[PDB]
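> Opening with a subset of the complex:
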Amino acid sequence: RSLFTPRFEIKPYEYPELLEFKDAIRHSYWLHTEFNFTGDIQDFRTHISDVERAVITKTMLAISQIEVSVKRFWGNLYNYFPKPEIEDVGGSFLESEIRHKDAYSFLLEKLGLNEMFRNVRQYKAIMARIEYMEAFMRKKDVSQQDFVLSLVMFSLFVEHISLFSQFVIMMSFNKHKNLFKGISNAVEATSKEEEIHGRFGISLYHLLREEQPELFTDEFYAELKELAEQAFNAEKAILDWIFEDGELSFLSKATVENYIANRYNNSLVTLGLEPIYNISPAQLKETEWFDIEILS
């Protein structure tokens, strides 16, 4: 049994447990047309302060900078792991990313953000994210080991963390102020699907660690740690930018930073590595409603 070995016949499956990720993404299926964003537009116009409007503007630009794009990694995974069950999951995930793109493209239009988004790659903090996401993928085609590192970084640090500070910010407006219910619904649906995407990569990692332990060298983990540090520093910079004009009365920048730092620790621990950030349990209690909503 090897993930890298092509298999022509559909059945019997070699990795039947992976099909649960296809079942999961079918259950999570959603389209933005299931929500009416009229109340969100009203909220953006007259129910928030200028400080809050600046936060929401930059948070939605940051979400869209990932979601409003062509995302083909999961759809292409079969080229590296040529298994029928890999294509079943990867192609279903790619379609889910089309649905996400349509949702956030619609929201950019409705919030009047198209012009700002056209220039989004101008913001220094966005450039920092682009830098690490490009670094994550740069060598994916060089070797099996380099591909596996790209897969791990994408699954555990992009899919499970990059957008989550923005997801928490947007859903916090609904939790604390009963505002932006439509965007809260779209963000919740998106979060659940990104959780599924990253968990697929975690399963692949555990399989790969058993099948080809020689890929997982000291050098592999040292580079992974360096890349994860670059990613966290960039997502902190995104938070500094989002809150540059003032913080929210109901959710501080530090609390959001603590939330994603805990997710970096969790990803490192999932990989077998040590956690490195000192987490506030009190601030985690402040945001734990989000994890209960997304995962329960």
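Done, it's in. Numbering: from 1, shown residues only, chains lettered A, B, ... in the order given.
> Please count neighbours and contacts with C-alpha atoms only from this point.
Fine.
> show me the contacts for the spatially most central residue of chain A.
Centroid-nearest residue in chain A: residue A:159, 3.3 Å away (criterion: Cα atoms, centre = their mean). Shown in contact with residue A:159 (Cα atoms under 8 Å, 6 or more residues apart in numbering): A:194-195, A:197-198.
> Can you flag the buried ones in the residues you listed?
Neighbour counting with 16 or more other Cα atoms under 10 Å marks A:194-195, A:197-198 as buried within those.
> CSV for those, including secondary structure and distance to residue A:95?
Shown next, in CSV, are the buried ones among the contacts of residue A:159 (DSSP: H, G, I helix; E, B strand; the rest coil; distance: Cα to Cα, whole Å):
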residue, secondary structure, distance to residue A:95
A:194, helix, 13
A:195, helix, 15
A:197, helix, 12
A:198, helix, 15
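> Show residues contacting stretch A:96-111.
Under Cα under 8 Å, 6+ apart, the answer for stretch A:96-111 is A:25, A:29-32, A:41, A:44, A:60-61, A:63-64, A:67-69, A:71, A:114, A:117, A:186, A:190, A:193.
> if you set the cut-off to 7 Å instead, what comes out?
By Cα atoms under 7 Å, 6 or more residues apart in numbering, the list of residues contacting stretch A:96-111 from outside reads A:31-32, A:41, A:64, A:67-69, A:71, A:114, A:190.
> And for stretch A:22-34?
A:88-89, A:92, A:99, A:103, A:186, A:193.
> Now a PyMOL select for only the buried ones of these.
In PyMOL syntax, the buried subset of the contacts of stretch A:22-34 is picked out as below (16+ other Cα under 10 Å):
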select buried, chain A and resi 88+89+92+99+103+186+193
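> What about the contacts of stretch A:22-34, which are in helices?
Secondary structure defined by DSSP state H assigns A:88-89, A:92, A:99, A:103, A:186, A:193 of the contacts of stretch A:22-34 to helices.
> Enumerate every residue touching residue A:85.
Neighbour list for residue A:85: A:15, A:18-19 [criterion: Cα under 7 Å, 6+ apart].
> Phi, psi for it please.
phi -70, psi -20 (degrees, to the nearest 10).
> For the stretch 151-296 of chain A, which segments are assigned as helices?
Listed in chain order, the helices found in the stretch 151-296 of chain A under DSSP state H, counting those that start in this stretch are A:164-177, A:181-211, A:218-242, A:253-270, A:281-295.
> As CSV, these with distance to residue A:37 would be great.
What follows is the helices of the stretch 151-296 of chain A, written out as CSV (distance: least, Cα to Cα, whole Å):
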stretch, distance to residue A:37
helix A:164-177, 13
helix A:181-211, 5
helix A:218-242, 22
helix A:253-270, 25
helix A:281-295, 21
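> Sequence for chain B below, add it please:
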Amino acid sequence: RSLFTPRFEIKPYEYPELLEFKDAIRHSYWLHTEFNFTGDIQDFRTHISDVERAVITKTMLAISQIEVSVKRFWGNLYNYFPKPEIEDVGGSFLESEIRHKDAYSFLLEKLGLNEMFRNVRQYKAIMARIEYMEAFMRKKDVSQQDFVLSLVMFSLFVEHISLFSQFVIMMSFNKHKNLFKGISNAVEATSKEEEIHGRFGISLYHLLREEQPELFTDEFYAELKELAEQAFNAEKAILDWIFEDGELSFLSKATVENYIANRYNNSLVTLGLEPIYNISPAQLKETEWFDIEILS
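So, slotting chain B in with the rest:
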């Protein structure tokens, strides 16, 4: 404007009209778990003749030989036409083919046809189909002209013709005898999506004819006609095989042949070529109910 030219920015779309095929396939979305097949299994065991059982067995094997496979052409289209709107349609189409695969894999298992399907290449007519489908694709990466020929043959023949004799056969049991209602519903839903798939390819053909006329040489059309004839001969052989133990009391082989010969003529006319076959109006009237059902 050129389909071969990469575009990075999502909006504005260069080919916004192609997004209607994404809308269409979202509207047609279905899973086989929406249907109860228990009545169909009982029908297969107890409510049909030995002649009818042979027809259904081979017809379901023939549908499955295409549908129960790894089908990546639409997902890979972006590699050749690197447009966001192409990925939107192609990725959504690929996911629809995963749903088709799951439906017919389920029906193979429920009808006890797994072992027959494992040996489906023993059948001469199936080998004839494999041969033309391989011929359609084997040069797709040699040149732009070869890729477009593969795209045209896949669109106008594999998606619009290959399975449709089998779709008509399966839905005819419900139409004339109120049997196999579950499979009728699944085949109807499959037919609607294959219609959408082929229509997308037709739209691409018309665009390419205008943008890239240098591809559509006398030699291109000569090779197209040769491949189309090879494919139609093979689908006639599939029909001969499906009915070789006897024809149905309510639907003759000639009537089904006439139906697909008309579709074949129509694909040729769509391409600007002459129709090949004389078509019986009376037999077309016998199967008109099917086109009404699919096109509603």
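> please look at the contacts of residue A:85 again, because chain B has been put in.
Neighbouring residues of residue A:85 by Cα atoms under 7 Å, 6 or more residues apart in numbering or on different chains: A:15, A:18-19.
> Only the buried subset of those residues, as a ChimeraX command please.
Here is the ChimeraX command that selects the buried residues among the contacts of residue A:85 (16 or more other Cα atoms under 10 Å in any protein chain shown):
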select /A:18,19
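> May I have the residues that are in contact with residue A:58?
Contact partners of residue A:58, counting by Cα under 7 Å, 6+ apart, are residue A:242.
> quick one: which helix or strand includes it?
Using DSSP states H and E, the element containing residue A:58 is helix A:50-67.
> which element follows that helix toward the C-terminus?
helix A:73-76.
> and stretch A:29-38, how far apart are its ends?
Its first and final residues considered, stretch A:29-38 spans 22 Å by Cα to Cα, to the nearest Å.
> Check the offset of it from the chain's centre.
The chain centroid and the centroid of stretch A:29-38 are separated by 20 Å, computed with Cα atoms, centre = their mean, to the nearest Å.
> List the buried residues in that stretch.
For stretch A:29-38, the neighbour count (16+ other Cα under 10 Å) marks A:30-32, A:37 as buried.
> which one among these gets closest to residue A:175?
Distance to residue A:175 across the buried residues of stretch A:29-38 (Cα to Cα) is lowest for residue A:37, with 17.0 Å.
> Okay, residue A:283 and residue B:284: tell me how far apart.
Taking Cα to Cα, one finds residue A:283 at 71 Å from residue B:284.
> make that residue A:279, sorry
Taking Cα to Cα, one finds residue A:279 at 73 Å from residue B:284.
> near chain B, which residues of chain A show up?
Contacts of chain A with chain B, taken as Cα under 7 Å from any Cα of the partner chain, map to A:10, A:69-70, A:84, A:88, A:91-92, A:94-95, A:98.
> quick one: which of the residues you listed has the most company?
residue A:91 (30 neighbours; other Cα atoms under 10 Å in any protein chain shown).
> dump the residue contacts of it.
By Cα under 7 Å, 6+ apart, residue A:91 lies in contact with A:74-75, B:94-95.
> What is the nearest of those residues to residue B:121?
After measuring the contacts of residue A:91 against residue B:121 - Cα to Cα - the closest member comes out as residue B:94, at 24.6 Å.
> Beyond the helix or strand hosting that closest one, next helix or strand please.
For residue B:94, the element it lies in under DSSP H and E is helix B:84-110. Counting by DSSP H and E, the next helix or strand C-terminal to helix B:84-110 is helix B:114-118.
> How about that following helix, which residues are buried there?
Buried residues in helix B:114-118 (16+ other Cα under 10 Å): B:114, B:117.
> Can you name the residues in contact with it?
Contacts of helix B:114-118 (Cα under 7 Å, 6+ apart): B:61, B:108.
> Tell me how far it lies from the chain's centre.
Its chain's average C-alpha position is 21 Å from that of helix B:114-118, according to Cα atoms, centre = their mean.
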